[PDB]
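As you go down the protein sequences, you meet chains BP, BH, BW and BZ in turn.
Plus 1 on top of the position in the first sequence (first one is 1) and you've got the entry's author numbering.
Plus 2 on top of the position in the second sequence (first one is 1) and you've got the entry's author numbering.
The third sequence: position 42 = 42 (the entry's author numbering), numbered continuously.
Those letters in the fourth sequence? Residues 1 to 34, 39 to 64, per the entry's author numbering, in order.
The block underneath contains the structure these notes are about, expressed in structure tokens.
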Amino acid sequence: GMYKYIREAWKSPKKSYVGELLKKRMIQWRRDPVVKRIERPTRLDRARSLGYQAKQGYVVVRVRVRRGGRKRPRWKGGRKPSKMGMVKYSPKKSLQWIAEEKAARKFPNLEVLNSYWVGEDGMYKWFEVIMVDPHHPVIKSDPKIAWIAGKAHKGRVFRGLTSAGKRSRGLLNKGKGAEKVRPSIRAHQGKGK
Amino acid sequence: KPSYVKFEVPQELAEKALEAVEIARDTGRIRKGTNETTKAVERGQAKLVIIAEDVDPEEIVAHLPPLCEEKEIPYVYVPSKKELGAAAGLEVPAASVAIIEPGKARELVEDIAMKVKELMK
Amino acid sequence: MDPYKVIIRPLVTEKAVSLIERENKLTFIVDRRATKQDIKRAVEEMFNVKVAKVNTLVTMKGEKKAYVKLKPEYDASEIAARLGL
Amino acid sequence: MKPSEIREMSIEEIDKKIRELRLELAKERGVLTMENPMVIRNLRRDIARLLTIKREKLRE
RNA sequence: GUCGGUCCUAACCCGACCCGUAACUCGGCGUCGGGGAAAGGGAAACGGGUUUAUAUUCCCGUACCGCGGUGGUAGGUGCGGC
RNA sequence: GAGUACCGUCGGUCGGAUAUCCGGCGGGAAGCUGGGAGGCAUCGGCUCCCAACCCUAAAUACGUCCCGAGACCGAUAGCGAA
RNA sequence: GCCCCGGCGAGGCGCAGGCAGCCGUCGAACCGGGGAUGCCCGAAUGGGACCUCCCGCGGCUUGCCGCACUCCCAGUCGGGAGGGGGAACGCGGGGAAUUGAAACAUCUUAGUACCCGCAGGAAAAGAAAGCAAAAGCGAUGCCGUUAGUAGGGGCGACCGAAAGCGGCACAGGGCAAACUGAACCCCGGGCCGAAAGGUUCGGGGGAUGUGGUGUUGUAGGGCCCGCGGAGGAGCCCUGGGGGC
């Protein structure tokens, strides 16, 4: 037990005791910096499913991002009318992934593993990101996360191998409809997404 | 001050609870940890639940009061996890503990239960 | 620097010879990276003399050059003969 | 000079010989501006051998 | 050692943090730290002679600054003038 | 294995057409007597499968390099440079 | 240009045909292998640059070590990581116009040139909430065909797949949870051992769960029951032979 009850509390927070908790917590988070390290996860069931243990080498980092889409900058030279838009654009990455990348900038000796949603507002979204030190012996002594010390896993979040990146790349659909997403997007000339 | 706390137990009760836990550890049976405690309560083997107030996030232990109130098992609060764990016989701290098979604490648990009821009402 | 590496070369020119005769001076070519004090030591050891003054200039070939004046107890001509000239 | 000979010697004799050859090299470079054009090459490489061998000895 | 740099700040600039940006070798407020004038501010040398070619830089003669010392006095415990 | 499957709407993209994939906004589940797919939506039948966590060699692409070759050029040619 | 081990076996001192001279038979030059020394700038890193040069602080005995920024484990000491470079190939984002349509605006050029970021000797993908149709297949990836087809489109100019069939090559494993409950991991020092490995002391973590079990579909696993008790496939080199 103790895990399904947390899952229940968070499956709809407006209905549980979590809404007002989150109101207060945000009152205090809005003053914090954009990337902040913490002691313990807020959604422990979800963390421990995504891969998180209470050993040395795991780090939890909250990130704040702004909501909505993009506003393109204006164009200097002449354009055709199908190419003048500035406002109603949206990004092709998700805010989850953008947050992961900001954290990866701030902690350079580390590597990202996964992330989970932890709050909303009218202007901001909040994600908690998990990270792992690949040069710790406690971490090189565990076969579940000893792959991460390899020579092809640095830049993971940047090339797109985290779950958010796979989602945004299209690697959750397998048959009809996903003819253009394997083995990659460049392989098909960006013609998927 | 958190919101899973429904009432204010004083020094009296908190200290008696720590000593009851230490005595029940050294004589009877003690289930340590939120998950052990939760399962004990779900199966009915729990005769008293000690909960900590020094906890964050509250989502760890915020399910226990509204469950023990149903199963009709008494529960008290205490203000620190390090002390509770030291009592239970750990170097790490505990957020929740369950007393099963009391030995030499029976009357302590009697009084704790009565005062907890008087306080809740 | 260290003694015995400072001094590269002694000079033999008409100006240097004039100074040897008149002023009791020696004229050396030295490693750029040495200072007046290191030059002083170097001369003292490599020749067992007491020195009075050192003056330096970097040339238009990339060479540091030292005019060295000894105390009137000693004599330049002596060491100039001890060397070749 | 031959490493066989140099290896029969002590660290202080080696230091002394290095100083001596340094001085002889200076005075030869001096008189050069004013026969046997190889004195300089040979002395340089002598000092080189001496330094290498002293470093070996100290590393043992 | 004494000429000038080297020191001080000016208009101005950079770095780190911070906020933004899909991102940056891009953009920027504030805090902190640092740079920025061989005609601004600013310890101290003048005459004669010497060389094919340097000299307030070398030689003679007469001097001055800054650090550290040795030895004596002023003073600590002294006066003159409405 | 939940702000997930799914539903509407906006922008982009695709051969993807009332039937591609990505993202923003507003709503939002069941959870083993369970759940998904079967080219408009829905009802029934049948067939196939169990998402929202992770690792993984071989067959492949390249040639700032090497070996080795040539119905290639032969000093205004051949690489810009014998 | 200095040293050592080997090969070759008499001359040698770069392109580069000179004067004068030295090295070598105690085995050179040359070739293969391994070591030493290695100025300043530069990621450039103790702090600064109108000139690849300057200015310093601690601690030990002129000589030396240490001291950037952002981070992890610790914590009054220490131990570690990143940063820059690299033809073409690679993953992820941002994104034009000339031109064509005999003008042009949707389309085309084109997810192109170019820009930003991240990796390697290969990268990326990869073990069905799939394909299909009265029959059946069985992870990914590459070639040849399917095919200028289905299908998109001022239905104009034009754009444009897949499944399957034939072959190359082949390989499958682990978590979360349920049930147990410290039975567990790491650092440093000491004793066995040739080593792979095993045993004690002091610290760091871990009850907000370390270790064990467990992993899937006309279901699988756990708890309960009975019966049975082939994890024995792999690690090392004091050894003895072989091939390259």
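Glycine residues also receive a C-beta, built at the ideal position from the N, C-alpha and C atoms.
Query: Check whether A96 (chain BH) and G46 (chain BH) have beta carbons under 8 angstroms apart; Result: no
Query: Whether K61 (chain BZ) touches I18 (chain BZ) by CB criterion (8 angstroms); Result: no
Query: Contact between the stretch 67 to 84 of chain BP and the stretch 133 to 145 of chain BP (3+ Cβ pairs under 8 angstroms); Result: no
Query: Close beta carbons around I14 (chain BZ), own chain, < 6 angstroms, minus the five adjacent residues each side; Result: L54, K58
Query: Residue 127 (chain BH), buried or exposed, once every other Cβ within 10 Å from all chains shown has been counted against 16; Result: Look at the range of chain BH in this structure, 3 to 123, and you will see that residue 127 (chain BH) is not part of it.
Query: CB of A54 (chain BH) within 8 angstroms of CB of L86 (chain BH), strictly; Result: yes
Query: Distance CB(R44 (chain BP))-CB(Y90 (chain BP)) smaller than 8 angstroms; Result: no
Query: Opening and closing residue of the alpha helix (DSSP H) in which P68 (chain BH) lies; Result: 67 to 73
Query: The stretch 56 to 64 of chain BH touching the stretch 3 to 12 of chain BH, judged by at least three CB pairs closer than 8 angstroms; Result: yes
Query: Run of the alpha helix (DSSP H) containing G20 (chain BP), from where it starts to where it stops; Result: 19 to 30
Query: Below-8 angstroms beta-carbon distance, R9 (chain BW) vs any chain BZ residue; Result: yes
Query: Rounded separation between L22 (chain BP) and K84 (chain BP) - CA only; Result: 45 angstroms
Query: Residue range of the beta strand (DSSP E) that includes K64 (chain BW); Result: 64 to 70
Query: Beta bridge counterpart(s) of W118 (chain BP) as assigned by DSSP; Result: BP:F128
Query: CB contact below 8 angstroms: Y4 (chain BW) versus chain BZ; Result: yes
Query: Range covered by the beta strand (DSSP E) that runs through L57 (chain BW); Result: 51 to 58
Query: Residue-level contact to chain BH via CB, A10 (chain BP), 8 angstroms cutoff; Result: yes
Query: Distance CB(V51 (chain BH))-CB(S82 (chain BH)) smaller than 8 angstroms; Result: no
Query: C-alpha gap between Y59 (chain BP) and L121 (chain BH), whole angstroms; Result: 43 angstroms
Query: Contact set for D50 (chain BZ): own chain, Cβ-Cβ below 7 angstroms, skip 5 residues either direction; Result: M1, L21
Query: Cα-Cα separation, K64 (chain BW) to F159 (chain BP); Result: 56 angstroms
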